[PDB]
Amino acid sequence: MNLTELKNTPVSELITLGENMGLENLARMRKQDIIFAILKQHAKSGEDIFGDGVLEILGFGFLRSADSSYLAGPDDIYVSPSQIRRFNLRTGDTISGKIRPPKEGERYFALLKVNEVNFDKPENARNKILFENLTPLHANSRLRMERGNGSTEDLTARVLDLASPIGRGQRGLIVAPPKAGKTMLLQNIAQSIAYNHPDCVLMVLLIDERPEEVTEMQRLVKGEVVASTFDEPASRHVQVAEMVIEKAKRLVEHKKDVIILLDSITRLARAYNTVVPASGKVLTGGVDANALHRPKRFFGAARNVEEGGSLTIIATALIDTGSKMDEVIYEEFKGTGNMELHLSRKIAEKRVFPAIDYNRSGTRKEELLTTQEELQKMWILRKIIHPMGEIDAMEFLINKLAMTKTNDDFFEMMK
Amino acid sequence: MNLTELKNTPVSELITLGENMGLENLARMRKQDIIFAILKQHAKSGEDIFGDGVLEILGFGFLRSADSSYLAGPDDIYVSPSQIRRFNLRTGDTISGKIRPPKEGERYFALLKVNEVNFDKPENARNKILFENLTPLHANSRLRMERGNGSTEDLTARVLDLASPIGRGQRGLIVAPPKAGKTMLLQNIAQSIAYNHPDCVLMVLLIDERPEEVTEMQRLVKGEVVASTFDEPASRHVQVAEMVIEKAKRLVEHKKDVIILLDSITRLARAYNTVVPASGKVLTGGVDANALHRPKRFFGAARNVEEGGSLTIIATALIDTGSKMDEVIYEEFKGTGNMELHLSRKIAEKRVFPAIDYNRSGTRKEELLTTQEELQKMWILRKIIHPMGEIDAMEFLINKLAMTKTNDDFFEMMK
Amino acid sequence: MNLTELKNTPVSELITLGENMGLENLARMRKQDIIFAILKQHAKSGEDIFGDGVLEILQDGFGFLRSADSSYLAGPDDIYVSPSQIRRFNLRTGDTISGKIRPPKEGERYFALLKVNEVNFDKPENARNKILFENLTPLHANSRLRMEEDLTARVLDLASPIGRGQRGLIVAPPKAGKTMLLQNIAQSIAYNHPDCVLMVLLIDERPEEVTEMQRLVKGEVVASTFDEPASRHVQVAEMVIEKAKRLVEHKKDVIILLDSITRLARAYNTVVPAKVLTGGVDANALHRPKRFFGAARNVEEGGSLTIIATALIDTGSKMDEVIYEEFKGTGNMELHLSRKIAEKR
Amino acid sequence: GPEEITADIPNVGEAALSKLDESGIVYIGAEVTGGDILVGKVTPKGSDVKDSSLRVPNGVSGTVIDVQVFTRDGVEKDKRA
Amino acid sequence: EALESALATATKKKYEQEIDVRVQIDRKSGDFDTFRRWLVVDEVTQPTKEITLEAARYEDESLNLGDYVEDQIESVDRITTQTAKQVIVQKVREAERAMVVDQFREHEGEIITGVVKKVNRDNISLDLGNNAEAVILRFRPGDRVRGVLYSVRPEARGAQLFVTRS
Amino acid sequence: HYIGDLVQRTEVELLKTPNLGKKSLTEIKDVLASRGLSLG
């Protein structure tokens, strides 16, 4: 008896099971009302009910579900503050334990006993080192995006590795104007990470995005996809973004490699700028004095932990969107991170993918992820690409990468 | 004796029928009073009275009419909350059944039994999957706006198909300055949809528009034209927009292809910004924080359903109106849609209709609405049109499309 | 028993030490609450408690002793300084006070100061009688602070020799080597002149570079990342210059390694009450960082204050150019870097 | 300050207010007895209003059969009036 | 806090055999709710406001002794404003008293004189005609007392300037 | 069903059962404040 197990079941099985029990007509009823009726009838027998979800502390807290993208629902598990005072739980701690249906006078499921905390025993979670106590360092472990199988999808990952290598805990920005191919590039990164490094928790977070890319992402990648379309206000965009970063931070504290692919750093800045109270001080572009304080907090959270685990955040930026506010947001975020992946619109319109600005790209302290001979080969490649034009460099790169299958054979033939 | 059939008859026939029955002088009485009088006399003999209408739940609700834009009236079909809790009826459900004249102390016709729900069997209407549980789909089916009869009216549709192909479930935006030709362009789209795709449920929602434009649209296109002139307050604009979106969702749940042509997305945004209570926080341009929440969901409701039916909403944006509030609304909703049909004022001043900005126009993911060879021919056409100016592009396009009737002949001559 | 000593101990030792004393379970508790619980239980035994920190006088009259390891942040374990003690010892902002402290009673949230034992790492008798910084005669740089990873320091010495009380501006475009150049300066100062108080004041910087700058040089690195508001950036900048001025009055050689020419100027421009100049800068917004930069001077009676700043030009915004053009006329040393040479590595 | 005839009187019970309506007048036909409340009225001492309601004298009882309300010109009428 | 304490006192005086009623409201639009609380204790003293530990068993006995806030909210007049106004004007005098404390600290550093009001055992009082008051840890009312204050402890219902001589 | 069965047991024994709710416990405490029932 699990909450997520009954929730993933279709409506046909839920209605059929209810009709055999002899209850009210479940056809003209909501899915949550059907499960609520089944859990009540099953609890009257004497059996126990189990549930799970990430805690969202308001004094009381709620265990939001993963299928609802952590949204306030009627079937949320009520977590009294007394339970938060005993185990000292925080926002982001996944609580998987025995639950009970709301009795007379109650409206939410109550937590009777917790069995699993953050996909681990509660005994190991009561004694843990906080994320603020972890000593951060630069990217040490290399996350090679190149799969090595030889498919034409791997071409984007190969160019990315030769331009800006990404490791565990790396924080980069993919600068790209609208209509540049950020969706196909992000899906290629998600597939390359899950295939090469299946141990890294992949989380594709979408904020203020379109519902077309939401169902397209869930049905393409193999992992957890939390999305919040623009149908929700900016307050929900803030809450969903906070629930993901809090869940990610708690997993990193358990020595886990969490990777967040949020293509909404520009929209999240607008989301905080809308929900922030007016202070009477507006900067250039319509940004409040503290509207950028929050997105910089989420952005800077990405770091590499030496004691264990890592938090990787690869976000895409938007430029030349016709609004001066996005330019100020981009300018403040240009000098914030240590990896800028600029994409040229002129090359993108010519159907030349990947349209990556190889000259403007780069990685700070890249010697910690690549060897000495590999760094030299990248330097020789830059000395040949830089004199050629932007379009000429892409045509030169495609013609050279088409001669072989892997980048190792390419570097061996150039020497 | 239906209510809608009796309301469509002229007043001359109603007064004539009232005098033959032997009632009081109906010349100085209201048409609604004549209807209320003849129903009591007709039910006095023993015959039953039947009616219909869309439900508008206030706990109780009424069955409003479509010819009066769902205006609140004292003579409608009262729907008691007992029947609402019995059949689980919601706002937008078309209810048809037997009615009775009100007794002493009542002011509305009571509903006894519902016979037809949403113009379908009640058994198929009670067991259904809600719109919130429908799995979205991409734009697969092509809604070819081209007539093919070689008429000069088809030139607007031919340019639209080459610039922004529209399919089932598409959510586009028609950006145009005032006095550009949005009226004639919308009428041509309404005529092309009703002629090429008669199965689609065409809807025209002209909120806060001129009365002469309202009566002209009803007498020009072949379909339902629900409008709300500027003589009505913003509360009417909210209620009419709510009745339209609720009726549209019920049809999509009934596997119907609804196409809503909206020309008041900016006016509707002002309507919600006017009726929203004072929250205390005002953004740039005099827009409330919760003022853009309602129109963004109405415009975003358009989606393609895999289980059956689709919802297409093509709104028209207004720019360069001299007010900074409309610019903020336009710039906020620009990141929501996936199609921008820009109209150039410089071309409209030269009396070159239609004045469509072919350069800034386009549709993302258009490869799923056109074939491989069709997408390539559109790419070749753009690569030649892009270097030329906006005015020179239209003169080149008009002279080429005028040589033949269909775009297939033009594609064969370019090769 | 010192406050800073307990804040540097690991969490594992604090949990074990607390459980032996017979208190509530410290495993599921914050580090600040553990130290606060230990100090209360240790004070009930009868032992004395000592603390230290840089004084920050509030507007209401009282002040708090900000800790150095917390980057001068208002914490629950701050040492309350009554206004009576400020008027008694003539205390001002920046006076590092170390004395016997006591845990707050029922209803208080800050440690109270009973008796001061040391003022600014010196006897209180030498601090009560002192010459103000405004009375010290300003002079040019006399003593040579030779900076001779060493290749950058050699070029800097041959281009513009930096000495005690120097006021320079390291002008460089984005992606020109400011990170590598600043590390070589910080390493050279801590190695050649370990007696000087090296304070790497970073404002609106990356956290990973902040913890790498702190864990590499041998000195005190008070930094404030972008995670903090502009109001704290202004306060931390004031705490540094006030502490530096007091040390110069105490005959100390302080070297303020400032890297916030643009970040701190935007911070003052953000918190200044609303005169519109070119770039969106108020007329009274650049006066505060001007005295902050101009405070660097050589004192003949004793001590010196050196401030080596790094300018940011060609950042794509005209506001940074006006700030650079205004601060250029104040200093007397500009070290420009070429982007063409930096791109060629 | 003037006095009001509001239906809410300080220091009363539920049974005492049962016979009173939403305005403060006993329903015509109620079985009133001695000691009950007829009309509620408080006078402001300096809110600091004091109880000055009209009650039924001891011993006498009866049934309310008519209630007359006369108000001065200009003053607004109440729901009972 | 003064408003919710006034409503708590008003509800306390309303009931006869029900004491220790509290109410918490910290929102502008959010109305106030009266939730009567009981004292968590393992004894049976004060049976009108005491509760057993078995009520805290739902919380896995997490509620330690000394903190007593948990109960179901119950149903929540213009006459209550009489005692409410008295509490408001009382806290204003306490807030004005704290203002004199701040003004005294700004001009502190001189020996002051005070007049005793009452002779409470181990706690006398002082009088200064500036809406101020001070106490000295262990005279007759009408005599001037010389004492220098050094610290002020947060006494209940408003802090008081503690003066010491030794 | 009768008040005698509930008054025979103390309030502590009644609170150790999941059948009792928050509103029922508050109502029992209010009736016990008058020293009429639920006195152990």
# chains A, B, ... in the order shown; residues from 1 in each chain; ligands from 1
$ residues_around --residues "segment 95-104 of chain E" --least-positions-apart "6" --cutoff "10 Å" --atoms "only C-alpha atoms" --output "MDAnalysis selection string"
(chainID C and resid 60:61 83) or (chainID E and resid 89 130:134 152 158:161)
$ residues_around --residues "residue 17 of chain F" --least-positions-apart "3" --cutoff "10 Å" --atoms "only C-alpha atoms" --output "list in words"
residues 54, 55, 57 and 58 of chain E; 12, 13, 14, 20 and 21 of chain F
$ write_last_selection --atoms "N, CA, C and O atoms" --output "PDB file, in the first residue's frame"
ATOM      1  N   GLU E  54      -0.439  11.919  27.499  1.00  0.00           N
ATOM      2  CA  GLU E  54      -1.001  11.045  26.473  1.00  0.00           C
ATOM      3  C   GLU E  54      -1.554  11.842  25.301  1.00  0.00           C
ATOM      4  O   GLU E  54      -1.667  11.311  24.191  1.00  0.00           O
ATOM      5  N   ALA E  55      -1.913  13.109  25.524  1.00  0.00           N
ATOM      6  CA  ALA E  55      -2.290  13.969  24.410  1.00  0.00           C
ATOM      7  C   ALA E  55      -1.089  14.288  23.530  1.00  0.00           C
ATOM      8  O   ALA E  55      -1.241  14.477  22.318  1.00  0.00           O
ATOM      9  N   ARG E  57       1.236  12.092  23.112  1.00  0.00           N
ATOM     10  CA  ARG E  57       1.687  10.814  22.570  1.00  0.00           C
ATOM     11  C   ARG E  57       1.521  10.766  21.057  1.00  0.00           C
ATOM     12  O   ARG E  57       2.264  10.050  20.372  1.00  0.00           O
ATOM     13  N   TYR E  58       0.558  11.517  20.518  1.00  0.00           N
ATOM     14  CA  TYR E  58       0.431  11.635  19.070  1.00  0.00           C
ATOM     15  C   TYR E  58       1.674  12.252  18.449  1.00  0.00           C
ATOM     16  O   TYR E  58       1.976  12.002  17.275  1.00  0.00           O
TER      17      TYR E  58
ATOM     18  N   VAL F  12      -6.301  10.244  30.327  1.00  0.00           N
ATOM     19  CA  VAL F  12      -5.056   9.763  29.738  1.00  0.00           C
ATOM     20  C   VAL F  12      -5.300   8.486  28.943  1.00  0.00           C
ATOM     21  O   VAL F  12      -4.724   8.290  27.866  1.00  0.00           O
ATOM     22  N   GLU F  13      -6.156   7.600  29.457  1.00  0.00           N
ATOM     23  CA  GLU F  13      -6.444   6.355  28.750  1.00  0.00           C
ATOM     24  C   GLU F  13      -7.241   6.602  27.476  1.00  0.00           C
ATOM     25  O   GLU F  13      -7.073   5.873  26.491  1.00  0.00           O
ATOM     26  N   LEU F  14      -8.110   7.616  27.472  1.00  0.00           N
ATOM     27  CA  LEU F  14      -8.880   7.920  26.272  1.00  0.00           C
ATOM     28  C   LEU F  14      -8.018   8.572  25.200  1.00  0.00           C
ATOM     29  O   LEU F  14      -8.274   8.388  24.004  1.00  0.00           O
ATOM     30  N   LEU F  20     -10.207   8.709  19.084  1.00  0.00           N
ATOM     31  CA  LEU F  20     -10.515  10.058  19.535  1.00  0.00           C
ATOM     32  C   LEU F  20      -9.832  11.087  18.644  1.00  0.00           C
ATOM     33  O   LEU F  20      -8.689  10.901  18.217  1.00  0.00           O
ATOM     34  N   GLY F  21     -10.545  12.180  18.365  1.00  0.00           N
ATOM     35  CA  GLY F  21     -10.034  13.242  17.529  1.00  0.00           C
ATOM     36  C   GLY F  21      -9.674  14.491  18.324  1.00  0.00           C
ATOM     37  O   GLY F  21      -9.750  14.539  19.549  1.00  0.00           O
TER      38      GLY F  21
END
$ atom_distance --atom1 "atom CA of residue 267 of chain C" --atom2 "atom CA of residue 132 of chain A"
25.3 Å
$ closest_residue --among "E:52, E:138, E:60, E:153" --to "residue 11 of chain F" --atoms "only C-alpha atoms"
E:52
$ residues_around --residues "residue 92 of chain B" --least-positions-apart "3" --cutoff "7 Å" --atoms "only C-alpha atoms" --output "JSON, numbers by chain"
{"B": [54, 55, 56, 243, 246, 247, 250]}
$ residues_around --residues "residue 63 of chain E" --least-positions-apart "2" --cutoff "12 Å" --atoms "only C-alpha atoms" --output "count of residues only"
27
